[PDB]
>>> print(open('data-v4.csv').read())   # CSV, C-alpha atoms
chain,number,residue,atom,x,y,z
A,1,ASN,CA,-17.2,-52.7,76.0
A,2,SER,CA,-17.0,-52.5,72.2
A,3,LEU,CA,-14.4,-55.2,72.3
A,4,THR,CA,-16.2,-58.2,70.7
A,5,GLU,CA,-17.7,-55.9,68.0
A,6,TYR,CA,-14.3,-54.5,66.9
A,7,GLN,CA,-12.9,-58.1,67.1
A,8,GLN,CA,-15.5,-59.6,64.8
A,9,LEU,CA,-15.2,-56.6,62.4
A,10,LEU,CA,-11.4,-57.2,62.3
A,11,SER,CA,-12.0,-60.8,61.6
A,12,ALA,CA,-14.2,-59.6,58.7
A,13,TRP,CA,-11.6,-57.2,57.3
A,14,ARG,CA,-9.1,-60.1,57.7
A,15,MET,CA,-11.0,-62.7,55.8
A,16,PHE,CA,-11.9,-60.1,53.2
A,17,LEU,CA,-8.4,-59.1,52.5
A,18,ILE,CA,-7.3,-62.8,52.5
A,19,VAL,CA,-9.9,-63.9,49.9
A,20,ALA,CA,-8.9,-60.8,48.0
A,21,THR,CA,-5.2,-61.5,47.8
A,22,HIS,CA,-6.0,-65.1,46.8
A,23,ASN,CA,-7.8,-63.8,43.7
A,24,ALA,CA,-6.6,-60.2,43.5
A,25,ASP,CA,-7.9,-59.8,39.9
A,26,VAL,CA,-11.5,-60.7,40.9
A,27,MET,CA,-11.2,-58.2,43.8
A,28,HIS,CA,-9.3,-55.9,41.4
A,29,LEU,CA,-6.6,-56.0,44.0
A,30,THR,CA,-3.9,-55.2,41.5
A,31,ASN,CA,-3.1,-51.8,43.0
A,32,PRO,CA,0.4,-51.9,44.5
A,33,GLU,CA,-0.3,-48.6,46.1
A,34,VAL,CA,-3.3,-50.2,47.8
A,35,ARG,CA,-1.3,-53.3,48.5
A,36,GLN,CA,1.4,-51.2,50.3
A,37,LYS,CA,-1.2,-49.2,52.2
A,38,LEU,CA,-2.8,-52.4,53.4
A,39,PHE,CA,0.5,-54.0,54.4
A,40,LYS,CA,1.7,-50.9,56.2
A,41,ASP,CA,-1.6,-50.4,58.0
A,42,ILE,CA,-1.8,-54.0,59.2
A,43,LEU,CA,1.8,-53.8,60.3
A,44,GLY,CA,1.3,-50.6,62.3
A,45,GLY,CA,-1.9,-52.1,63.7
A,46,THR,CA,-0.1,-55.2,65.0
A,47,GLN,CA,2.4,-52.8,66.4
A,48,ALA,CA,0.1,-50.5,68.4
A,49,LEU,CA,-1.9,-53.5,69.6
A,50,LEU,CA,1.2,-55.3,70.8
A,51,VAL,CA,2.5,-52.2,72.6
A,52,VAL,CA,-0.1,-52.3,75.4
A,53,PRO,CA,1.5,-53.8,78.5
A,54,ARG,CA,-1.5,-55.0,80.5
A,55,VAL,CA,-5.0,-61.1,76.9
A,56,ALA,CA,-7.2,-59.6,74.3
A,57,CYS,CA,-4.5,-57.5,72.7
A,58,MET,CA,-2.4,-60.7,72.4
A,59,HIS,CA,-5.0,-62.7,70.4
A,60,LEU,CA,-5.8,-59.7,68.3
A,61,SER,CA,-2.1,-59.0,67.4
A,62,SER,CA,-1.7,-62.7,66.7
A,63,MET,CA,-4.4,-62.7,64.1
A,64,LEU,CA,-3.0,-59.5,62.6
A,65,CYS,CA,0.4,-61.2,62.6
A,66,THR,CA,-0.8,-64.3,60.7
A,67,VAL,CA,-2.5,-61.9,58.2
A,68,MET,CA,0.6,-59.7,57.8
A,69,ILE,CA,2.8,-62.7,57.3
A,70,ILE,CA,0.7,-64.3,54.5
A,71,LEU,CA,0.2,-60.8,53.0
A,72,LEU,CA,3.9,-60.0,52.9
A,73,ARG,CA,4.6,-63.4,51.4
A,74,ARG,CA,2.1,-62.8,48.6
A,75,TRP,CA,2.9,-59.2,47.9
A,76,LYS,CA,6.6,-59.3,48.4
A,77,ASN,CA,7.2,-58.0,44.9
A,78,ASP,CA,4.8,-55.1,45.6
A,79,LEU,CA,6.3,-54.4,49.1
A,80,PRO,CA,11.9,-49.6,54.9
A,81,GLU,CA,14.0,-47.9,57.6
A,82,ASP,CA,11.0,-46.7,59.6
A,83,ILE,CA,9.6,-50.3,59.3
A,84,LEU,CA,12.9,-51.4,60.7
A,85,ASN,CA,12.7,-49.1,63.7
A,86,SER,CA,9.1,-50.1,64.2
A,87,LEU,CA,9.7,-53.8,64.1
A,88,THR,CA,12.6,-53.1,66.5
A,89,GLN,CA,10.4,-51.5,69.1
A,90,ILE,CA,7.9,-54.3,68.5
A,91,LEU,CA,10.4,-57.0,69.1
A,92,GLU,CA,11.5,-55.0,72.2
A,93,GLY,CA,8.0,-55.1,73.6
A,94,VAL,CA,7.7,-58.8,72.6
A,95,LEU,CA,10.9,-59.3,74.7
A,96,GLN,CA,9.5,-57.6,77.8
A,97,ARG,CA,6.6,-60.0,77.6
A,98,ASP,CA,6.1,-63.3,79.4
A,99,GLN,CA,7.6,-65.9,77.2
A,100,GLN,CA,4.9,-68.6,77.2
A,101,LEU,CA,2.6,-66.3,75.1
A,102,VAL,CA,5.1,-64.3,73.0
A,103,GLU,CA,6.7,-67.1,71.0
A,104,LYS,CA,4.6,-66.9,67.9
A,105,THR,CA,4.9,-63.1,68.0
A,106,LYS,CA,8.6,-63.3,68.2
A,107,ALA,CA,8.7,-65.7,65.2
A,108,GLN,CA,6.4,-63.4,63.2
A,109,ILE,CA,8.4,-60.2,64.0
A,110,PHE,CA,11.6,-62.1,63.1
A,111,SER,CA,10.4,-63.2,59.7
A,112,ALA,CA,9.1,-59.7,59.2
A,113,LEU,CA,12.6,-58.2,60.0
A,114,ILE,CA,14.1,-60.8,57.7
A,115,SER,CA,11.8,-59.6,54.9
A,116,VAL,CA,12.8,-56.0,55.7
A,117,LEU,CA,16.5,-56.8,55.3
A,118,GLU,CA,16.0,-59.1,52.3
A,119,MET,CA,13.9,-56.3,50.7
A,120,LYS,CA,17.1,-54.3,50.2
A,121,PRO,CA,20.7,-55.2,51.0
A,122,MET,CA,21.9,-52.8,53.7
A,123,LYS,CA,25.1,-52.2,55.5
A,124,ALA,CA,25.3,-52.0,59.3
A,125,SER,CA,25.7,-48.2,59.0
A,126,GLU,CA,22.2,-47.7,57.6
A,127,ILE,CA,20.6,-49.9,60.2
A,128,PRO,CA,19.3,-47.7,63.1
A,129,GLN,CA,20.2,-49.1,66.5
A,130,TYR,CA,21.9,-52.0,64.7
A,131,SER,CA,23.9,-52.5,67.9
A,132,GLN,CA,20.7,-52.8,69.9
A,133,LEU,CA,19.1,-54.9,67.1
A,134,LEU,CA,21.9,-57.5,67.2
A,135,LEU,CA,21.9,-57.3,71.0
A,136,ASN,CA,18.3,-58.3,71.2
A,137,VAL,CA,18.6,-60.9,68.6
A,138,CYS,CA,21.5,-62.4,70.6
A,139,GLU,CA,19.5,-62.3,73.8
A,140,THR,CA,16.5,-64.0,72.3
A,141,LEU,CA,18.7,-66.5,70.6
A,142,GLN,CA,20.5,-67.4,73.8
A,143,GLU,CA,17.4,-67.7,75.9
A,144,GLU,CA,15.4,-69.8,73.3
A,145,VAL,CA,18.4,-71.9,72.5
A,146,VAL,CA,19.2,-72.8,76.0
A,147,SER,CA,15.5,-73.6,76.3
A,148,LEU,CA,15.5,-75.9,73.3
A,149,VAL,CA,18.6,-77.5,74.7
A,150,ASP,CA,16.9,-78.4,77.9
A,151,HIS,CA,13.9,-79.5,75.9
A,152,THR,CA,15.9,-81.9,73.7
A,153,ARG,CA,17.8,-83.1,76.7
A,154,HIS,CA,14.7,-84.0,78.7
A,155,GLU,CA,13.5,-86.1,75.7
A,156,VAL,CA,15.9,-88.9,76.6
A,157,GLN,CA,6.6,-79.8,70.2
A,158,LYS,CA,9.5,-81.5,68.6
A,159,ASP,CA,9.5,-79.6,65.3
A,160,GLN,CA,8.5,-76.1,66.4
A,161,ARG,CA,11.5,-75.5,68.7
A,162,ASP,CA,14.0,-76.6,66.0
A,163,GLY,CA,12.1,-74.4,63.5
A,164,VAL,CA,12.5,-71.4,65.7
A,165,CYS,CA,16.1,-72.4,66.2
A,166,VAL,CA,17.0,-72.7,62.6
A,167,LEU,CA,15.1,-69.5,62.1
A,168,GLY,CA,17.2,-67.5,64.5
A,169,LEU,CA,20.3,-69.1,63.1
A,170,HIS,CA,19.7,-68.0,59.6
A,171,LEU,CA,18.7,-64.6,61.0
A,172,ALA,CA,22.0,-64.1,62.8
A,173,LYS,CA,23.8,-65.5,59.7
A,174,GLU,CA,22.3,-62.7,57.6
A,175,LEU,CA,23.0,-60.1,60.4
A,176,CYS,CA,26.6,-61.1,60.4
A,177,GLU,CA,26.7,-61.1,56.6
A,178,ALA,CA,25.7,-57.5,57.0
A,179,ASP,CA,28.7,-56.9,59.3
A,180,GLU,CA,31.8,-58.0,57.4
A,181,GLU,CA,34.3,-56.6,59.9
A,182,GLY,CA,32.9,-58.4,62.9
A,183,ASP,CA,33.9,-55.6,65.2
A,184,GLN,CA,30.4,-55.3,66.6
A,185,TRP,CA,30.1,-59.1,66.3
A,186,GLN,CA,33.4,-59.2,68.2
A,187,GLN,CA,32.0,-57.1,71.0
A,188,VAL,CA,28.9,-59.3,71.0
A,189,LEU,CA,30.7,-62.7,71.2
A,190,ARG,CA,32.9,-61.1,73.9
A,191,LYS,CA,29.7,-60.2,75.8
A,192,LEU,CA,28.2,-63.7,75.4
A,193,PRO,CA,29.6,-67.2,75.5
A,194,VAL,CA,27.3,-68.3,72.7
B,1,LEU,CA,31.6,-40.9,91.0
B,2,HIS,CA,34.1,-42.2,88.4
B,3,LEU,CA,34.6,-45.2,90.6
B,4,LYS,CA,30.8,-45.9,90.9
B,5,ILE,CA,30.1,-45.3,87.2
B,6,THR,CA,33.0,-47.5,86.2
B,7,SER,CA,31.6,-50.2,88.5
B,8,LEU,CA,28.0,-50.1,87.2
B,9,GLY,CA,29.0,-49.8,83.6
B,10,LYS,CA,31.4,-52.7,84.0
B,11,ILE,CA,28.3,-54.8,84.9
B,12,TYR,CA,25.7,-53.5,82.5
B,13,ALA,CA,27.7,-52.3,79.5
B,14,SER,CA,27.0,-55.6,77.8
B,15,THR,CA,23.3,-55.0,77.5
B,16,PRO,CA,22.5,-51.7,75.8
B,17,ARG,CA,19.0,-51.6,77.4
B,18,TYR,CA,20.2,-51.0,80.9
B,19,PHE,CA,23.3,-48.9,80.1
B,20,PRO,CA,22.1,-45.7,78.5
B,21,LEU,CA,25.4,-44.8,77.0
B,22,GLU,CA,24.4,-41.5,75.4
B,23,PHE,CA,22.4,-40.3,78.3
B,24,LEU,CA,25.2,-41.2,80.7
B,25,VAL,CA,27.7,-39.4,78.6
B,26,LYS,CA,25.6,-36.3,78.4
B,27,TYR,CA,24.9,-36.4,82.1
B,28,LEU,CA,28.6,-36.8,83.0
B,29,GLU,CA,29.5,-34.0,80.7
B,30,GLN,CA,26.9,-31.8,82.4
B,31,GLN,CA,28.1,-32.8,85.9
B,32,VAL,CA,31.8,-32.1,84.9
B,33,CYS,CA,30.5,-28.7,83.7
B,34,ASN,CA,28.8,-28.1,87.0
B,35,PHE,CA,31.7,-29.1,89.2
B,36,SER,CA,34.6,-27.8,87.0
B,37,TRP,CA,36.3,-31.1,87.2
B,38,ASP,CA,39.0,-32.3,84.8
B,39,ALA,CA,37.5,-32.5,81.3
B,40,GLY,CA,39.3,-35.9,81.0
B,41,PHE,CA,36.7,-37.5,83.4
B,42,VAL,CA,34.1,-38.9,81.0
B,43,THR,CA,36.6,-40.4,78.6
B,44,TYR,CA,38.7,-41.9,81.4
B,45,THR,CA,35.8,-43.4,83.3
B,46,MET,CA,33.9,-44.7,80.3
B,47,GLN,CA,37.0,-46.2,78.7
B,48,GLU,CA,37.8,-47.8,82.0
B,49,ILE,CA,34.6,-49.8,81.6
>>> encode(input="data-v4.csv", output="structure tokens")
Amino acid sequence: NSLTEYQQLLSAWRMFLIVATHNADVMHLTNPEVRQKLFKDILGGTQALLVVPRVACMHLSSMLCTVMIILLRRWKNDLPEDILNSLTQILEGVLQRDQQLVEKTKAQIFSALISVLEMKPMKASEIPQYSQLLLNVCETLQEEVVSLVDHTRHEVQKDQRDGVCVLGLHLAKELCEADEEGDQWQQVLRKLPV
Amino acid sequence: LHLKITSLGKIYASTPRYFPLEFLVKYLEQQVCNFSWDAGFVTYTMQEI
């Protein structure tokens, strides 16, 4: 019953932090400690909100996602394992979701994970559930790719499908670049006629 | 049981979210403990998949 109130207040905190990061000096938003606190809090908030199985949580997490994306882009130089595990569980929930509403969330979580890996070059051994991570990446890639295939074939919404496609492509490219031996990649390609 | 587990793993071993490898291994080890079977069970069945 307090829904609309918390929603508007979150819109307020959002717009506030946005106008802040755009002019951090005027806001005195130079503190990288505060920058990291904000980033982590908004991330975890998107997480907990996107964890509830049973429409409001969707829109809320989507706003939080747009925010976290712009924020990470601006504060990258101020911006990991626990973040990896968290974005993993988050993408997991985003997978157990109905597709027609989870697309933007998948794209966001993907760019987030990409930033998490680009933040520090890591080998597959330091990536928790790296097997499961690549597994899910492959599942999503397969599904969305077949989808975009059918969509392009029926064309005998143009740019977004290709955008997500190229996105997952570069994602898997980096994931494989993390696995030089391909043994896990081998088990994967053996499991999937990608 | 080795037959059944070999079968089911042979189907779902490609998707780690429905093939709880570690839980299955611990459970099969506990069951072999319970029934005093050949300690080579778990390795044989799981490698068969």
>>> closest_residue(input="data-v4.csv", among="A:22, A:161, A:153, A:123", to="residue A:180", atoms="all atoms listed in the file")
A:123
>>> interface_residues(input="data-v4.csv", of="chain B", to="chain A", cutoff="12 Å", atoms="only C-alpha atoms", output="short mmCIF file (atom, residue, chain, number, x, y, z; two decimals) with C-alpha atoms, keeping the file's coordinate frame")
data_model
loop_
_atom_site.label_atom_id
_atom_site.label_comp_id
_atom_site.auth_asym_id
_atom_site.auth_seq_id
_atom_site.Cartn_x
_atom_site.Cartn_y
_atom_site.Cartn_z
CA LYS B 10 31.40 -52.70 84.00
CA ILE B 11 28.30 -54.80 84.90
CA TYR B 12 25.70 -53.50 82.50
CA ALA B 13 27.70 -52.30 79.50
CA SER B 14 27.00 -55.60 77.80
CA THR B 15 23.30 -55.00 77.50
CA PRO B 16 22.50 -51.70 75.80
CA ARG B 17 19.00 -51.60 77.40
CA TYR B 18 20.20 -51.00 80.90
CA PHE B 19 23.30 -48.90 80.10
CA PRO B 20 22.10 -45.70 78.50
CA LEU B 21 25.40 -44.80 77.00
#
>>> residues_around(input="data-v4.csv", residues="stretch 3-10 of chain A", least_positions_apart="6", cutoff="10 Å", atoms="only C-alpha atoms", output="NGL selection string")
:A and (16 or 56 or 59-60 or 63-64)
>>> residues_around(input="data-v4.csv", residues="stretch 28-30 of chain B", least_positions_apart="4", cutoff="9 Å", atoms="only C-alpha atoms", output="PyMOL selection string")
chain B and resi 23-24+34-35+39+41-42
>>> atom_distance(input="data-v4.csv", atom1="atom CA of residue A:171", atom2="atom CA of residue A:82")
19.5 Å
>>> residues_around(input="data-v4.csv", residues="residue B:44", least_positions_apart="5", cutoff="10 Å", atoms="only C-alpha atoms", output="number ranges by chain")
B: 2, 6, 39, 49
>>> residues_around(input="data-v4.csv", residues="residue A:148", least_positions_apart="5", cutoff="10 Å", atoms="all atoms listed in the file", output="VMD selection string")
chain A and resid 142 to 143 153 to 154 158 160 to 162 164 to 165
>>> atom_distance(input="data-v4.csv", atom1="atom CA of residue A:44", atom2="atom CA of residue A:86")
8.0 Å
>>> residues_around(input="data-v4.csv", residues="residue A:95", least_positions_apart="2", cutoff="10 Å", atoms="all atoms listed in the file", output="list in words")
residues 89, 90, 91, 92, 93, 97, 98, 99, 102, 103, 105, 106, 136, 137, 139 and 140 of chain A
>>> write_last_selection(input="data-v4.csv", atoms="C-alpha atoms", output="mmCIF file, in the frame of the given file")
data_model
loop_
_atom_site.group_PDB
_atom_site.id
_atom_site.type_symbol
_atom_site.label_atom_id
_atom_site.label_comp_id
_atom_site.auth_asym_id
_atom_site.auth_seq_id
_atom_site.Cartn_x
_atom_site.Cartn_y
_atom_site.Cartn_z
ATOM 1 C CA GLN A 89 10.400 -51.500 69.100
ATOM 2 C CA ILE A 90 7.900 -54.300 68.500
ATOM 3 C CA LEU A 91 10.400 -57.000 69.100
ATOM 4 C CA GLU A 92 11.500 -55.000 72.200
ATOM 5 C CA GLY A 93 8.000 -55.100 73.600
ATOM 6 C CA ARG A 97 6.600 -60.000 77.600
ATOM 7 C CA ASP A 98 6.100 -63.300 79.400
ATOM 8 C CA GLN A 99 7.600 -65.900 77.200
ATOM 9 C CA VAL A 102 5.100 -64.300 73.000
ATOM 10 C CA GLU A 103 6.700 -67.100 71.000
ATOM 11 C CA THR A 105 4.900 -63.100 68.000
ATOM 12 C CA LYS A 106 8.600 -63.300 68.200
ATOM 13 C CA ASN A 136 18.300 -58.300 71.200
ATOM 14 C CA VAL A 137 18.600 -60.900 68.600
ATOM 15 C CA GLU A 139 19.500 -62.300 73.800
ATOM 16 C CA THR A 140 16.500 -64.000 72.300
#
>>> atom_distance(input="data-v4.csv", atom1="atom CA of residue A:122", atom2="atom CA of residue A:76")
17.4 Å
>>> axis_aligned_box(input="data-v4.csv", around="stretch 8-18 of chain B", padding_each_side="5 Å", output="lines of an AutoDock Vina configuration file")
center_x = 25.2
center_y = -52.7
center_z = 81.5
size_x = 22.4
size_y = 15.8
size_z = 21.4
>>> build_atoms(input="data-v4.csv", residues="stretch 5-22 of chain B", atoms="N, CA, C and O atoms", output="PDB file, keeping the file's coordinate frame")
ATOM      1  N   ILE B   5      30.563 -45.163  88.587  1.00  0.00           N
ATOM      2  CA  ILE B   5      30.100 -45.300  87.200  1.00  0.00           C
ATOM      3  C   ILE B   5      30.918 -46.401  86.510  1.00  0.00           C
ATOM      4  O   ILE B   5      30.367 -47.211  85.759  1.00  0.00           O
ATOM      5  N   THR B   6      32.233 -46.424  86.730  1.00  0.00           N
ATOM      6  CA  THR B   6      33.000 -47.500  86.200  1.00  0.00           C
ATOM      7  C   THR B   6      32.473 -48.847  86.657  1.00  0.00           C
ATOM      8  O   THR B   6      32.297 -49.755  85.839  1.00  0.00           O
ATOM      9  N   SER B   7      32.141 -48.970  87.943  1.00  0.00           N
ATOM     10  CA  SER B   7      31.600 -50.200  88.500  1.00  0.00           C
ATOM     11  C   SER B   7      30.318 -50.616  87.742  1.00  0.00           C
ATOM     12  O   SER B   7      30.214 -51.706  87.168  1.00  0.00           O
ATOM     13  N   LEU B   8      29.324 -49.727  87.763  1.00  0.00           N
ATOM     14  CA  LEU B   8      28.000 -50.100  87.200  1.00  0.00           C
ATOM     15  C   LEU B   8      28.068 -50.355  85.733  1.00  0.00           C
ATOM     16  O   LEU B   8      27.475 -51.331  85.252  1.00  0.00           O
ATOM     17  N   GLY B   9      28.769 -49.508  84.977  1.00  0.00           N
ATOM     18  CA  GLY B   9      29.000 -49.800  83.600  1.00  0.00           C
ATOM     19  C   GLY B   9      29.678 -51.094  83.328  1.00  0.00           C
ATOM     20  O   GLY B   9      29.342 -51.831  82.404  1.00  0.00           O
ATOM     21  N   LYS B  10      30.649 -51.428  84.182  1.00  0.00           N
ATOM     22  CA  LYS B  10      31.400 -52.700  84.000  1.00  0.00           C
ATOM     23  C   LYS B  10      30.437 -53.881  84.145  1.00  0.00           C
ATOM     24  O   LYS B  10      30.761 -54.970  83.662  1.00  0.00           O
ATOM     25  N   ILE B  11      29.280 -53.693  84.781  1.00  0.00           N
ATOM     26  CA  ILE B  11      28.300 -54.800  84.900  1.00  0.00           C
ATOM     27  C   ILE B  11      27.318 -54.762  83.768  1.00  0.00           C
ATOM     28  O   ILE B  11      27.057 -55.800  83.150  1.00  0.00           O
ATOM     29  N   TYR B  12      26.752 -53.597  83.457  1.00  0.00           N
ATOM     30  CA  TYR B  12      25.700 -53.500  82.500  1.00  0.00           C
ATOM     31  C   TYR B  12      26.056 -53.044  81.109  1.00  0.00           C
ATOM     32  O   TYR B  12      25.177 -52.906  80.251  1.00  0.00           O
ATOM     33  N   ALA B  13      27.340 -52.774  80.852  1.00  0.00           N
ATOM     34  CA  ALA B  13      27.700 -52.300  79.500  1.00  0.00           C
ATOM     35  C   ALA B  13      27.543 -53.319  78.438  1.00  0.00           C
ATOM     36  O   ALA B  13      27.702 -52.991  77.257  1.00  0.00           O
ATOM     37  N   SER B  14      27.239 -54.567  78.791  1.00  0.00           N
ATOM     38  CA  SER B  14      27.000 -55.600  77.800  1.00  0.00           C
ATOM     39  C   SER B  14      25.619 -55.632  77.241  1.00  0.00           C
ATOM     40  O   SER B  14      25.392 -56.221  76.179  1.00  0.00           O
ATOM     41  N   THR B  15      24.660 -55.013  77.934  1.00  0.00           N
ATOM     42  CA  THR B  15      23.300 -55.000  77.500  1.00  0.00           C
ATOM     43  C   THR B  15      22.817 -53.564  77.335  1.00  0.00           C
ATOM     44  O   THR B  15      22.575 -52.833  78.307  1.00  0.00           O
ATOM     45  N   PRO B  16      22.710 -53.112  76.083  1.00  0.00           N
ATOM     46  CA  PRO B  16      22.500 -51.700  75.800  1.00  0.00           C
ATOM     47  C   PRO B  16      21.135 -51.169  76.401  1.00  0.00           C
ATOM     48  O   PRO B  16      20.911 -49.953  76.384  1.00  0.00           O
ATOM     49  N   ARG B  17      20.257 -52.043  76.897  1.00  0.00           N
ATOM     50  CA  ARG B  17      19.000 -51.600  77.400  1.00  0.00           C
ATOM     51  C   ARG B  17      18.963 -51.139  78.811  1.00  0.00           C
ATOM     52  O   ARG B  17      17.994 -50.517  79.258  1.00  0.00           O
ATOM     53  N   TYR B  18      20.019 -51.450  79.560  1.00  0.00           N
ATOM     54  CA  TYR B  18      20.200 -51.000  80.900  1.00  0.00           C
ATOM     55  C   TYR B  18      21.427 -50.127  81.112  1.00  0.00           C
ATOM     56  O   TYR B  18      21.759 -49.791  82.254  1.00  0.00           O
ATOM     57  N   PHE B  19      22.131 -49.791  80.034  1.00  0.00           N
ATOM     58  CA  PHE B  19      23.300 -48.900  80.100  1.00  0.00           C
ATOM     59  C   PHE B  19      23.120 -47.822  79.073  1.00  0.00           C
ATOM     60  O   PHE B  19      23.653 -47.871  77.955  1.00  0.00           O
ATOM     61  N   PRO B  20      22.360 -46.787  79.427  1.00  0.00           N
ATOM     62  CA  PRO B  20      22.100 -45.700  78.500  1.00  0.00           C
ATOM     63  C   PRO B  20      23.303 -44.850  78.178  1.00  0.00           C
ATOM     64  O   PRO B  20      23.515 -43.776  78.738  1.00  0.00           O
ATOM     65  N   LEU B  21      24.140 -45.367  77.276  1.00  0.00           N
ATOM     66  CA  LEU B  21      25.400 -44.800  77.000  1.00  0.00           C
ATOM     67  C   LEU B  21      25.357 -43.292  76.710  1.00  0.00           C
ATOM     68  O   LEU B  21      26.063 -42.484  77.317  1.00  0.00           O
ATOM     69  N   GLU B  22      24.497 -42.910  75.766  1.00  0.00           N
ATOM     70  CA  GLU B  22      24.400 -41.500  75.400  1.00  0.00           C
ATOM     71  C   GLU B  22      23.922 -40.632  76.509  1.00  0.00           C
ATOM     72  O   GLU B  22      24.470 -39.551  76.760  1.00  0.00           O
TER      73      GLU B  22
END
